[PDB]
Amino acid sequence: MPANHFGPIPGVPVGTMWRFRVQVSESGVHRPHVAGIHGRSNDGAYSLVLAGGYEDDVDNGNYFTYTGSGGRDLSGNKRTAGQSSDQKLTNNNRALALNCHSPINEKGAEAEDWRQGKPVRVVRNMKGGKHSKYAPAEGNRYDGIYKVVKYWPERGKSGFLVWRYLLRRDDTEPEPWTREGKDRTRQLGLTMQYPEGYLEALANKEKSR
């Protein structure tokens, strides 16, 4: 797959799991190994990860409200920090807004024919609330295609403006956290994937003090 492919990655079913983000990147399902969103600001967003990293994220499984990135001071060669400035409808935030089936709008937009929007591959990471109903117990899990129904700017918990996006699921395969999804995962033999040599290295490191 080209980097700008929209839609599912062939041969990677819903429910596939990987221990580390770099493995998710290698699969093609989410090519950035740090960033939450993969997008091109004049094309759209191809995928996103829910990893508990923004306090304004709210995950309801078949739908969720995702937060834009940025509004943060990453001075000192940081990757994450708390909010310290307003977010902007630029870069990955603009990309994800362009998936919505409505022209880009600096005040937000909502699509009526929201399935006509561009698909987003969604991965859930283990981090987030304790004993989440949706997050995997370990690693990262591909949960299928979702679509951006609407997006809008709002005052975040921090008091700074954040961009927010409502995504709804649009995938024919069962959600992995449901009974049907757990049955499909069992039948397909989907299990956590680890880097070559990792479990051996772990086994060696566990031999002594």
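Numbers for residues come from their place in the sequence shown, where the first is 1. For clarity, a rigid core is taken as the largest C-alpha set superposing within 1.5 Å between two forms.
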Please tell me which region, 57-65 or 158-166, has C-alphas lying farther from the displayed form on average in 8 other deposited structures of this protein, with superposition done on the core. 158-166
Segment of greater CA departure in 8 other deposited structures of this protein, 106-114 or 126-134, core superposed: 126-134
What about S75, is it left unmodelled in a third or more of the other PDB entries we looked at? yes
Got a sec? Mean C-alpha B-factor, which is higher, 114-122 or 127-135? 127-135
Please compare 28-36 with 169-177 and name the stretch with the higher mean C-alpha B-factor in the deposited structure. 169-177
Among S158, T67, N62, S41, which residue carries the highest C-alpha B-factor recorded in the PDB entry? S158
By the CA temperature factor listed in this entry, which of these ranks top: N77, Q87, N99, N92? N77
Place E55 in the lowest, middle or highest third of its chain's C-alpha B-factors, as listed in the PDB entry. middle
Assert third(CA B-factor, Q187) within chain per record equals highest
